[PDB]
file query.cif (mmCIF, C-alpha atoms and all ligand atoms)
data_start
loop_
_atom_site.label_atom_id
_atom_site.label_comp_id
_atom_site.auth_asym_id
_atom_site.auth_seq_id
_atom_site.Cartn_x
_atom_site.Cartn_y
_atom_site.Cartn_z
CA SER A 1 -14.57 11.13 14.83
CA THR A 2 -14.16 8.20 12.50
CA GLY A 3 -14.29 7.31 8.83
CA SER A 4 -14.79 4.27 6.70
CA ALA A 5 -14.30 3.85 2.88
CA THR A 6 -14.41 0.91 0.46
CA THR A 7 -11.31 0.12 -1.43
CA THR A 8 -11.42 -1.81 -4.75
CA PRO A 9 -8.72 -3.56 -6.69
CA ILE A 10 -7.98 -1.73 -9.95
CA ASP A 11 -8.07 -4.92 -12.15
CA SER A 12 -8.82 -8.65 -11.91
CA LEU A 13 -5.26 -9.36 -10.58
CA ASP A 14 -5.42 -7.10 -7.53
CA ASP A 15 -2.33 -5.22 -8.80
CA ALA A 16 -3.40 -2.33 -6.56
CA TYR A 17 -6.43 -0.91 -4.71
CA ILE A 18 -8.17 2.49 -5.08
CA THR A 19 -10.29 4.36 -2.49
CA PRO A 20 -12.30 7.45 -3.19
CA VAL A 21 -11.23 10.62 -1.54
CA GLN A 22 -13.14 14.03 -1.62
CA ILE A 23 -10.84 17.03 -1.96
CA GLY A 24 -11.86 20.63 -1.97
CA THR A 25 -15.19 22.54 -1.59
CA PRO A 26 -17.31 21.72 -3.24
CA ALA A 27 -15.94 18.10 -3.22
CA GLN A 28 -14.02 16.63 -6.06
CA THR A 29 -13.75 12.90 -5.75
CA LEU A 30 -10.55 11.28 -6.96
CA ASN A 31 -9.68 7.57 -6.62
CA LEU A 32 -6.35 7.39 -4.69
CA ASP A 33 -3.94 4.43 -4.00
CA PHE A 34 -3.44 4.51 -0.21
CA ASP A 35 0.28 3.63 0.16
CA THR A 36 1.59 2.72 3.65
CA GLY A 37 5.10 2.82 2.13
CA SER A 38 5.36 6.63 1.49
CA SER A 39 4.04 9.82 3.04
CA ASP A 40 2.91 12.17 0.21
CA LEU A 41 -0.73 12.83 -0.91
CA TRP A 42 -0.39 13.96 -4.55
CA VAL A 43 -2.89 14.06 -7.28
CA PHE A 44 -3.16 14.62 -10.96
CA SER A 45 -4.41 18.17 -11.46
CA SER A 46 -5.24 21.05 -13.78
CA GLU A 47 -1.41 21.88 -13.60
CA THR A 48 -0.11 18.59 -14.91
CA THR A 49 1.34 18.65 -18.42
CA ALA A 50 -1.62 17.83 -20.70
CA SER A 51 0.29 15.26 -22.80
CA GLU A 52 0.97 13.31 -19.58
CA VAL A 53 -2.71 12.71 -18.66
CA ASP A 54 -4.53 9.35 -20.08
CA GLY A 55 -8.13 9.47 -18.66
CA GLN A 56 -7.39 10.17 -14.95
CA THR A 57 -9.59 12.50 -12.88
CA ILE A 58 -7.83 15.78 -12.09
CA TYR A 59 -8.05 18.16 -9.19
CA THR A 60 -8.63 21.79 -10.12
CA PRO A 61 -7.61 23.94 -7.21
CA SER A 62 -9.12 27.03 -8.72
CA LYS A 63 -12.59 25.51 -8.39
CA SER A 64 -12.15 24.77 -4.66
CA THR A 65 -13.07 27.74 -2.40
CA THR A 66 -11.03 26.31 0.49
CA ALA A 67 -7.75 25.71 -1.40
CA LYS A 68 -4.71 27.83 -0.68
CA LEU A 69 -1.27 27.81 -2.38
CA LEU A 70 1.49 26.90 0.07
CA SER A 71 3.93 29.65 -1.06
CA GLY A 72 7.46 28.57 -1.90
CA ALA A 73 6.90 24.77 -1.39
CA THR A 74 7.67 22.20 -3.99
CA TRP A 75 7.93 18.34 -3.85
CA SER A 76 9.56 15.59 -5.95
CA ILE A 77 9.24 11.86 -5.19
CA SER A 78 10.45 8.66 -6.88
CA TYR A 79 9.23 5.19 -5.83
CA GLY A 80 10.97 1.77 -5.68
CA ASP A 81 9.66 0.90 -9.14
CA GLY A 82 11.35 3.89 -10.76
CA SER A 83 8.24 6.02 -11.35
CA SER A 84 8.27 9.62 -10.29
CA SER A 85 6.30 12.92 -10.11
CA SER A 86 6.93 16.61 -8.82
CA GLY A 87 4.84 19.72 -8.45
CA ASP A 88 3.81 22.45 -6.00
CA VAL A 89 1.56 22.33 -2.93
CA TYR A 90 -1.93 23.62 -1.87
CA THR A 91 -3.61 22.94 1.41
CA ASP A 92 -7.33 22.19 1.15
CA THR A 93 -10.04 20.23 2.96
CA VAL A 94 -9.81 16.36 2.32
CA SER A 95 -12.34 13.78 3.52
CA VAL A 96 -12.13 9.96 3.41
CA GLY A 97 -15.01 7.82 4.32
CA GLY A 98 -16.72 10.70 6.17
CA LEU A 99 -13.62 11.84 8.18
CA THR A 100 -12.66 15.44 7.25
CA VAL A 101 -9.36 17.19 7.81
CA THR A 102 -8.94 20.89 7.00
CA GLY A 103 -5.52 22.26 6.11
CA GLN A 104 -4.22 18.85 4.61
CA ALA A 105 -1.31 19.38 2.07
CA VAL A 106 -2.44 18.19 -1.39
CA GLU A 107 0.60 17.94 -3.64
CA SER A 108 -0.34 19.00 -7.13
CA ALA A 109 1.55 17.24 -9.92
CA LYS A 110 3.08 19.41 -12.62
CA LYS A 111 4.73 16.31 -14.32
CA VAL A 112 4.26 12.49 -13.87
CA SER A 113 6.30 9.66 -15.30
CA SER A 114 4.97 7.33 -18.01
CA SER A 115 3.77 4.52 -15.62
CA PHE A 116 1.29 7.04 -14.07
CA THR A 117 -0.01 8.42 -17.39
CA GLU A 118 -0.54 4.83 -18.70
CA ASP A 119 -2.74 3.72 -15.85
CA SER A 120 -6.07 5.46 -16.03
CA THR A 121 -7.52 4.04 -12.87
CA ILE A 122 -5.33 5.78 -10.20
CA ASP A 123 -5.60 9.57 -9.93
CA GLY A 124 -2.81 9.89 -7.38
CA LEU A 125 -1.56 8.49 -4.04
CA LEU A 126 -2.36 9.07 -0.37
CA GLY A 127 0.78 8.27 1.71
CA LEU A 128 0.29 6.67 5.24
CA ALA A 129 3.91 6.00 6.33
CA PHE A 130 5.43 8.35 8.88
CA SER A 131 5.74 12.06 8.00
CA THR A 132 9.54 11.98 8.05
CA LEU A 133 9.49 10.51 4.50
CA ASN A 134 7.40 13.36 3.03
CA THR A 135 9.06 15.08 0.05
CA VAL A 136 7.76 18.71 0.48
CA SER A 137 10.49 21.30 0.96
CA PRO A 138 11.57 23.32 2.60
CA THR A 139 9.23 22.18 5.50
CA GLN A 140 7.80 18.67 5.22
CA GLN A 141 4.01 18.31 5.49
CA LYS A 142 2.10 15.73 7.69
CA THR A 143 0.19 12.76 6.16
CA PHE A 144 -3.64 12.70 6.32
CA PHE A 145 -3.29 10.24 9.19
CA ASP A 146 -1.21 12.52 11.31
CA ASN A 147 -3.48 15.51 10.78
CA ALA A 148 -6.50 13.37 11.72
CA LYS A 149 -5.21 11.86 14.96
CA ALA A 150 -6.33 14.78 17.16
CA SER A 151 -9.88 14.19 16.21
CA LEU A 152 -9.96 10.38 15.75
CA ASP A 153 -11.81 8.30 18.42
CA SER A 154 -8.64 6.31 18.68
CA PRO A 155 -5.33 7.00 16.87
CA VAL A 156 -5.51 3.98 14.52
CA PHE A 157 -6.43 2.96 10.93
CA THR A 158 -7.07 -0.65 9.73
CA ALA A 159 -6.61 -2.15 6.31
CA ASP A 160 -8.89 -4.90 5.31
CA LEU A 161 -8.05 -5.62 1.64
CA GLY A 162 -9.97 -8.32 -0.25
CA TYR A 163 -8.84 -11.06 -2.54
CA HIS A 164 -10.38 -10.24 -6.05
CA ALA A 165 -12.97 -8.33 -4.15
CA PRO A 166 -13.44 -4.97 -2.49
CA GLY A 167 -12.44 -4.27 1.09
CA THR A 168 -12.27 -1.41 3.68
CA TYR A 169 -9.99 1.25 5.10
CA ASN A 170 -11.18 2.41 8.55
CA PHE A 171 -9.91 5.39 10.47
CA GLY A 172 -10.30 5.79 14.15
CA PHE A 173 -11.93 2.49 15.42
CA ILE A 174 -11.40 -1.25 15.07
CA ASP A 175 -14.36 -3.23 13.66
CA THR A 176 -14.46 -6.38 15.89
CA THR A 177 -16.80 -8.06 13.29
CA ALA A 178 -14.14 -7.82 10.52
CA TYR A 179 -11.70 -10.50 11.82
CA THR A 180 -11.62 -13.77 13.83
CA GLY A 181 -9.78 -14.70 17.19
CA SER A 182 -7.78 -11.75 18.65
CA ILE A 183 -5.27 -9.16 17.12
CA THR A 184 -1.53 -9.76 17.98
CA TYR A 185 0.45 -6.56 18.07
CA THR A 186 4.24 -6.43 17.34
CA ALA A 187 6.58 -3.45 17.80
CA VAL A 188 7.29 -0.91 14.85
CA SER A 189 10.62 0.64 14.19
CA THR A 190 10.33 4.11 12.65
CA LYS A 191 14.00 4.64 12.08
CA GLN A 192 13.76 4.52 8.30
CA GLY A 193 10.21 6.06 8.29
CA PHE A 194 8.24 2.90 7.40
CA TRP A 195 5.77 0.64 9.32
CA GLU A 196 8.78 -1.66 9.75
CA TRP A 197 8.63 -4.74 11.95
CA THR A 198 10.24 -8.21 12.44
CA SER A 199 8.36 -11.34 11.66
CA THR A 200 9.36 -14.34 13.84
CA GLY A 201 9.55 -16.99 11.04
CA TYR A 202 7.71 -18.96 8.35
CA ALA A 203 6.39 -22.30 7.25
CA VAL A 204 5.56 -23.65 3.77
CA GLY A 205 2.25 -25.64 3.44
CA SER A 206 1.85 -28.21 6.24
CA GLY A 207 5.68 -28.42 7.15
CA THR A 208 7.59 -27.03 10.10
CA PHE A 209 7.68 -23.39 11.22
CA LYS A 210 11.26 -22.10 11.26
CA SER A 211 11.96 -19.37 13.73
CA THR A 212 14.12 -16.77 11.87
CA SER A 213 13.78 -12.97 12.07
CA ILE A 214 12.60 -11.39 8.88
CA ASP A 215 12.70 -7.62 9.10
CA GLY A 216 10.26 -6.18 6.53
CA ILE A 217 7.82 -3.29 5.95
CA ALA A 218 4.09 -3.40 5.73
CA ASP A 219 3.31 -1.82 2.40
CA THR A 220 -0.14 -1.51 0.98
CA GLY A 221 1.39 0.19 -2.14
CA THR A 222 3.53 -2.94 -3.25
CA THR A 223 1.50 -5.74 -4.88
CA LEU A 224 3.61 -8.83 -4.15
CA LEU A 225 5.27 -10.45 -1.05
CA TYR A 226 9.08 -10.05 -1.35
CA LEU A 227 11.17 -12.18 1.05
CA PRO A 228 14.73 -13.27 1.32
CA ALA A 229 16.07 -15.44 -1.50
CA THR A 230 16.48 -18.55 0.61
CA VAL A 231 12.98 -18.44 2.10
CA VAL A 232 11.56 -17.92 -1.29
CA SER A 233 13.51 -20.81 -2.80
CA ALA A 234 12.25 -23.09 0.11
CA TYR A 235 8.66 -22.27 -0.91
CA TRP A 236 8.90 -22.79 -4.72
CA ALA A 237 10.95 -26.03 -4.11
CA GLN A 238 7.49 -27.54 -3.10
CA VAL A 239 5.86 -26.68 -6.46
CA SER A 240 7.10 -29.24 -8.98
CA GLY A 241 6.76 -27.18 -12.20
CA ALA A 242 8.03 -23.90 -10.61
CA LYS A 243 11.21 -22.29 -11.88
CA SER A 244 13.00 -18.91 -11.88
CA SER A 245 12.58 -17.20 -15.30
CA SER A 246 15.01 -14.43 -16.20
CA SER A 247 12.74 -13.47 -19.13
CA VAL A 248 9.76 -12.61 -16.97
CA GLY A 249 11.62 -11.46 -13.84
CA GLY A 250 10.78 -14.13 -11.16
CA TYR A 251 9.44 -17.55 -10.27
CA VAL A 252 6.71 -18.81 -12.60
CA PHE A 253 4.74 -22.01 -12.45
CA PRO A 254 1.99 -23.87 -14.21
CA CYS A 255 -1.31 -22.13 -13.82
CA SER A 256 -2.92 -25.50 -13.16
CA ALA A 257 -0.74 -26.31 -9.91
CA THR A 258 -2.54 -26.08 -6.50
CA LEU A 259 0.11 -24.01 -4.63
CA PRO A 260 0.78 -24.67 -0.94
CA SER A 261 0.00 -22.04 1.71
CA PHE A 262 2.66 -19.85 3.20
CA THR A 263 2.55 -19.01 6.94
CA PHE A 264 4.33 -15.99 8.47
CA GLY A 265 4.88 -15.47 12.28
CA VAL A 266 3.64 -12.43 14.22
CA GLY A 267 5.08 -12.84 17.71
CA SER A 268 3.54 -16.22 18.75
CA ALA A 269 0.69 -15.96 16.24
CA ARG A 270 0.77 -17.25 12.71
CA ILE A 271 -0.91 -15.75 9.63
CA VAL A 272 -1.64 -18.24 6.79
CA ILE A 273 -1.73 -16.99 3.11
CA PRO A 274 -3.82 -19.44 1.15
CA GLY A 275 -1.99 -20.80 -1.82
CA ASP A 276 -4.62 -19.37 -4.34
CA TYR A 277 -3.50 -15.86 -3.18
CA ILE A 278 0.11 -16.63 -4.29
CA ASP A 279 -1.05 -17.54 -7.80
CA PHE A 280 -0.71 -14.05 -9.06
CA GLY A 281 -2.04 -14.88 -12.49
CA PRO A 282 -1.06 -15.77 -15.90
CA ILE A 283 1.97 -14.30 -17.45
CA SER A 284 -0.05 -13.34 -20.57
CA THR A 285 -3.80 -13.95 -21.25
CA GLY A 286 -4.17 -17.57 -22.48
CA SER A 287 -0.76 -18.66 -21.36
CA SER A 288 -0.32 -21.83 -19.41
CA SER A 289 2.42 -20.31 -17.16
CA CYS A 290 1.46 -18.02 -14.27
CA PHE A 291 3.60 -15.57 -12.20
CA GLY A 292 4.09 -16.30 -8.44
CA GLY A 293 3.08 -13.90 -5.70
CA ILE A 294 6.18 -14.67 -3.60
CA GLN A 295 9.43 -13.34 -4.99
CA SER A 296 12.97 -12.63 -3.72
CA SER A 297 13.64 -9.21 -2.20
CA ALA A 298 17.42 -9.51 -2.88
CA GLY A 299 17.08 -6.96 -5.74
CA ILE A 300 15.17 -4.40 -3.60
CA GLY A 301 17.30 -4.62 -0.45
CA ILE A 302 14.33 -4.76 1.99
CA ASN A 303 11.68 -7.39 2.57
CA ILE A 304 8.14 -6.19 1.66
CA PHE A 305 5.01 -7.57 3.14
CA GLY A 306 2.83 -6.27 0.26
CA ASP A 307 -0.83 -6.82 -0.65
CA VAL A 308 -0.47 -10.59 -1.26
CA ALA A 309 0.38 -10.99 2.42
CA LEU A 310 -1.77 -8.17 3.78
CA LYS A 311 -5.01 -9.13 2.18
CA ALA A 312 -4.87 -12.50 4.06
CA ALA A 313 -5.08 -10.44 7.30
CA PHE A 314 -6.99 -7.73 9.08
CA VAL A 315 -4.18 -5.22 9.78
CA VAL A 316 -4.12 -2.43 12.42
CA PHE A 317 -1.81 0.45 12.06
CA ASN A 318 -1.56 1.73 15.64
CA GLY A 319 -0.21 5.34 15.45
CA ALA A 320 0.04 6.07 19.18
CA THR A 321 3.26 7.74 20.31
CA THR A 322 4.93 4.36 20.30
CA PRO A 323 3.42 2.78 17.16
CA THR A 324 2.68 -0.89 16.72
CA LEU A 325 1.29 -3.13 14.05
CA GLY A 326 -1.57 -5.56 14.80
CA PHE A 327 -2.58 -8.64 12.73
CA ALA A 328 -5.60 -10.96 13.08
CA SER A 329 -6.82 -13.82 10.76
CA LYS A 330 -10.07 -13.09 8.97
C1 LIG B 401 10.07 8.92 -0.47
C2 LIG B 401 10.34 7.54 -1.09
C3 LIG B 401 9.60 6.42 -0.37
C4 LIG B 401 10.66 5.39 0.01
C5 LIG B 401 8.47 5.85 -1.20
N1 LIG B 401 8.22 4.46 -0.89
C6 LIG B 401 8.56 3.50 -1.72
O1 LIG B 401 9.15 3.68 -2.79
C7 LIG B 401 8.23 2.29 -1.33
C8 LIG B 401 9.48 1.51 -1.23
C9 LIG B 401 9.65 0.91 0.17
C10 LIG B 401 8.92 -0.43 0.26
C11 LIG B 401 11.13 0.69 0.47
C12 LIG B 401 7.30 1.66 -2.31
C13 LIG B 401 5.94 2.40 -2.42
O2 LIG B 401 5.02 1.81 -1.51
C14 LIG B 401 5.40 2.29 -3.86
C15 LIG B 401 3.92 2.70 -3.95
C16 LIG B 401 3.36 2.52 -5.37
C17 LIG B 401 4.04 3.53 -6.30
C18 LIG B 401 3.48 3.45 -7.72
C19 LIG B 401 1.98 3.64 -7.68
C20 LIG B 401 1.37 2.58 -6.78
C21 LIG B 401 1.96 2.69 -5.36
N2 LIG B 401 5.53 0.91 -4.33
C22 LIG B 401 6.37 0.51 -5.18
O3 LIG B 401 7.25 1.24 -5.65
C23 LIG B 401 6.32 -0.97 -5.57
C24 LIG B 401 7.83 -1.16 -5.59
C25 LIG B 401 8.49 -2.44 -6.10
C26 LIG B 401 9.81 -2.72 -6.11
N3 LIG B 401 9.95 -3.94 -6.69
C27 LIG B 401 8.76 -4.41 -7.02
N4 LIG B 401 7.82 -3.52 -6.67
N5 LIG B 401 5.60 -1.10 -6.84
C28 LIG B 401 4.65 -1.97 -7.07
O4 LIG B 401 4.32 -2.94 -6.38
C29 LIG B 401 3.95 -1.68 -8.39
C30 LIG B 401 3.40 -2.90 -8.99
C31 LIG B 401 4.60 -3.85 -9.44
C32 LIG B 401 5.89 -3.31 -9.49
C33 LIG B 401 6.99 -4.09 -9.84
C34 LIG B 401 6.81 -5.44 -10.15
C35 LIG B 401 5.54 -6.00 -10.10
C36 LIG B 401 5.40 -7.35 -10.43
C37 LIG B 401 4.12 -7.91 -10.44
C38 LIG B 401 3.00 -7.14 -10.08
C39 LIG B 401 3.16 -5.80 -9.73
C40 LIG B 401 4.43 -5.22 -9.75
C41 LIG B 401 2.81 -0.70 -8.03
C42 LIG B 401 1.68 -0.64 -9.04
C43 LIG B 401 0.59 -1.50 -8.86
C44 LIG B 401 -0.46 -1.49 -9.76
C45 LIG B 401 -0.43 -0.62 -10.83
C46 LIG B 401 0.63 0.26 -11.03
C47 LIG B 401 0.70 1.16 -12.12
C48 LIG B 401 1.82 2.02 -12.25
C49 LIG B 401 2.85 2.02 -11.37
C50 LIG B 401 2.84 1.16 -10.29
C51 LIG B 401 1.77 0.30 -10.12
#
call {"tool": "encode", "arguments": {"input": "query.cif", "output": "structure tokens"}}
result
Amino acid sequence: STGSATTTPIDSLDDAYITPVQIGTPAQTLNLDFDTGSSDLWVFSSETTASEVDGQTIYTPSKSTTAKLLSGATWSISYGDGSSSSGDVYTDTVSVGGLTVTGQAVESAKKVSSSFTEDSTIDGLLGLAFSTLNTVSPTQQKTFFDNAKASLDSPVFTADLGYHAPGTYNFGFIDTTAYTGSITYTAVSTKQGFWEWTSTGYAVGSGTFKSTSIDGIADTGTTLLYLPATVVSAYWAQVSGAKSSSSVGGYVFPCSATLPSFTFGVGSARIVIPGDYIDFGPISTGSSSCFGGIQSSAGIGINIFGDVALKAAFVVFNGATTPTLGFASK
């Protein structure tokens, strides 16, 4: 079996993407952030503290005839940005894009932190990293991807995210019309539970490619591209009005600059981010300074290939017994 679903950026900056998911019988459709950096599917629900819900769509397990309480299990998760949520667990039927799994754990939020309540467009998260990072206790639960692989035509999903435009998640097949030239695959380490891999180097604009290993994770759930401090300084040293601003938290530049491209290596292949993708947008509406899409990961302690890098590629998450990651230009 396969499935295919459109994913849309939540705002005109592409700060994140949502994809509809149908939970329950009869279906309730919730718009989830698919996050290849964590492994929990949780949603806002009829159990979540009322005062912690600003316009999101909730799941009500008591209206689903296939939901069942997973007795004794609870979960609690915090993310790299500080935000957090906990709750208890039902299993229910969940379909994306046509592809149905029965018996998928749907973590029901009793509490969510203030970042979640304040964003009305995301009704919860569907995790697609490996199932070792799931927070359910005492027995961890598998992601939707792992429960699906028995039935999928092939054990893969692709992410094809758009720049200020919608894109696709596909499960189970690779669409050969979505990309140009051929996919290059590079090895995944799962030792810390992420789609973690090693890029072979970088180049800024039309200058030289420097071969240097940058170990990073492919994370659909992080908006920006976070790289080591000295690669990031080498890129903004080509943009004449760019500086590091302590006030705003990163490199900012004049919104009028044409930014150069940034190339990253995948084995012997090279993926080119166009400089307009790196112009994140202005620091405030009207302002003449904009915030850059490439920042230093020194503060996070791992390099993150997030949606600024990923949406310049068609990306295959190969979840065979030895996983790999595949990238093609598009
Ligand atoms: C079991 C624990 C595991 C480790 C869970 N995984 C992680 O925490 C991962 C860390 C891993 C890369 C090491 C990160 C994970 O993918 C997680 C998924 C998010 C969670 C919040 C909701 C949206 C999805 N991503 C993140 O935690 C990254 C982390 C980060 C660190 N520094 C900068 N960013 N956060 C994000 O990228 C934010 C957006 C964001 C955060 C911080 C600075 C930003 C600067 C400019 C633009 C965006 C920034 C996610 C986000 C996007 C859009 C709307 C949002 C509304 C509310 C809350 C978050 C929103």
call {"tool": "closest_residue", "arguments": {"input": "query.cif", "among": "A:73, A:178, A:232, A:302", "to": "ligand LIG 401 (chain B)", "atoms": "only C-alpha atoms and all ligand atoms"}}
result
A:302
call {"tool": "residues_around", "arguments": {"input": "query.cif", "residues": "range 310-323 of chain A", "least_positions_apart": "5", "cutoff": "6 Å", "atoms": "only C-alpha atoms", "output": "ChimeraX atom specification"}}
result
/A:155-162,188,273,328-330
call {"tool": "residues_around", "arguments": {"input": "query.cif", "residues": "residue 212 in chain A", "least_positions_apart": "2", "cutoff": "10 Å", "atoms": "all atoms listed in the file", "output": "PDB file with C-alpha atoms, keeping the file's coordinate frame"}}
result
ATOM      1  CA  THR A 198      10.240  -8.210  12.440  1.00  0.00           C
ATOM      2  CA  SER A 199       8.360 -11.340  11.660  1.00  0.00           C
ATOM      3  CA  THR A 200       9.360 -14.340  13.840  1.00  0.00           C
ATOM      4  CA  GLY A 201       9.550 -16.990  11.040  1.00  0.00           C
ATOM      5  CA  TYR A 202       7.710 -18.960   8.350  1.00  0.00           C
ATOM      6  CA  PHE A 209       7.680 -23.390  11.220  1.00  0.00           C
ATOM      7  CA  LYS A 210      11.260 -22.100  11.260  1.00  0.00           C
ATOM      8  CA  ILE A 214      12.600 -11.390   8.880  1.00  0.00           C
ATOM      9  CA  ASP A 215      12.700  -7.620   9.100  1.00  0.00           C
ATOM     10  CA  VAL A 231      12.980 -18.440   2.100  1.00  0.00           C
ATOM     11  CA  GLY A 265       4.880 -15.470  12.280  1.00  0.00           C
TER      12      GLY A 265
END
call {"tool": "closest_atom_pairs", "arguments": {"input": "query.cif", "of": "chain A", "to": "ligand LIG 401 (chain B)", "cutoff": "6 Å", "atoms": "only C-alpha atoms and all ligand atoms", "output": "Markdown table"}}
result
| residue | atom | partner | partner_atom | distance |
| --- | --- | --- | --- | --- |
| A:15 | CA | B:LIG401 | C44 | 4.3 |
| A:16 | CA | B:LIG401 | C44 | 4.4 |
| A:35 | CA | B:LIG401 | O2 | 5.3 |
| A:37 | CA | B:LIG401 | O2 | 3.8 |
| A:38 | CA | B:LIG401 | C5 | 4.2 |
| A:77 | CA | B:LIG401 | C1 | 5.6 |
| A:78 | CA | B:LIG401 | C2 | 5.9 |
| A:79 | CA | B:LIG401 | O1 | 3.4 |
| A:80 | CA | B:LIG401 | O3 | 3.8 |
| A:81 | CA | B:LIG401 | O3 | 4.3 |
| A:115 | CA | B:LIG401 | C48 | 4.6 |
| A:116 | CA | B:LIG401 | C48 | 5.4 |
| A:119 | CA | B:LIG401 | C47 | 5.7 |
| A:133 | CA | B:LIG401 | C1 | 5.3 |
| A:219 | CA | B:LIG401 | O2 | 5.6 |
| A:221 | CA | B:LIG401 | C15 | 4.0 |
| A:222 | CA | B:LIG401 | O4 | 3.2 |
| A:223 | CA | B:LIG401 | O4 | 4.2 |
| A:304 | CA | B:LIG401 | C10 | 6.0 |
call {"tool": "closest_residue", "arguments": {"input": "query.cif", "among": "A:2, A:113, A:8, A:74", "to": "residue 163 in chain A", "atoms": "only C-alpha atoms"}}
result
A:8
call {"tool": "closest_residue", "arguments": {"input": "query.cif", "among": "A:183, A:32, A:99, A:300", "to": "residue 151 in chain A", "atoms": "only C-alpha atoms"}}
result
A:99
call {"tool": "atom_distance", "arguments": {"input": "query.cif", "atom1": "CA of residue 225 in chain A", "atom2": "CA of residue 264 in chain A"}}
result
11.1 Å
call {"tool": "residues_around", "arguments": {"input": "query.cif", "residues": "residue 105 in chain A", "least_positions_apart": "6", "cutoff": "10 Å", "atoms": "all atoms listed in the file", "output": "ChimeraX atom specification"}}
result
/A:40-42,67-70,89-94,136,140-144,147
call {"tool": "residues_around", "arguments": {"input": "query.cif", "residues": "residue 100 in chain A", "least_positions_apart": "2", "cutoff": "12 Å", "atoms": "only C-alpha atoms", "output": "ChimeraX atom specification"}}
result
/A:1-4,21-25,27,92-98,102-104,144-145,147-152,171
call {"tool": "residues_around", "arguments": {"input": "query.cif", "residues": "range 289-294 of chain A", "least_positions_apart": "6", "cutoff": "7 Å", "atoms": "all atoms listed in the file", "output": "tab-separated table (two decimals) with C-alpha atoms, in the coordinates of the input"}}
result
chain	number	residue	atom	x	y	z
A	224	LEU	CA	3.61	-8.83	-4.15
A	225	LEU	CA	5.27	-10.45	-1.05
A	226	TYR	CA	9.08	-10.05	-1.35
A	232	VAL	CA	11.56	-17.92	-1.29
A	251	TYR	CA	9.44	-17.55	-10.27
A	252	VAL	CA	6.71	-18.81	-12.60
A	253	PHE	CA	4.74	-22.01	-12.45
A	254	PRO	CA	1.99	-23.87	-14.21
A	255	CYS	CA	-1.31	-22.13	-13.82
A	278	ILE	CA	0.11	-16.63	-4.29
A	279	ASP	CA	-1.05	-17.54	-7.80
A	280	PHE	CA	-0.71	-14.05	-9.06
A	281	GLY	CA	-2.04	-14.88	-12.49
A	282	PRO	CA	-1.06	-15.77	-15.90
A	283	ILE	CA	1.97	-14.30	-17.45
A	308	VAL	CA	-0.47	-10.59	-1.26
call {"tool": "closest_residue", "arguments": {"input": "query.cif", "among": "A:138, A:124, A:166, A:228", "to": "residue 7 in chain A", "atoms": "only C-alpha atoms"}}
result
A:166
call {"tool": "atom_distance", "arguments": {"input": "query.cif", "atom1": "CA of residue 20 in chain A", "atom2": "CA of residue 107 in chain A"}}
result
16.6 Å
call {"tool": "closest_residue", "arguments": {"input": "query.cif", "among": "A:11, A:307, A:47, A:196", "to": "residue 324 in chain A", "atoms": "only C-alpha atoms"}}
result
A:196
call {"tool": "atom_distance", "arguments": {"input": "query.cif", "atom1": "CA of residue 237 in chain A", "atom2": "CA of residue 204 in chain A"}}
result
9.8 Å
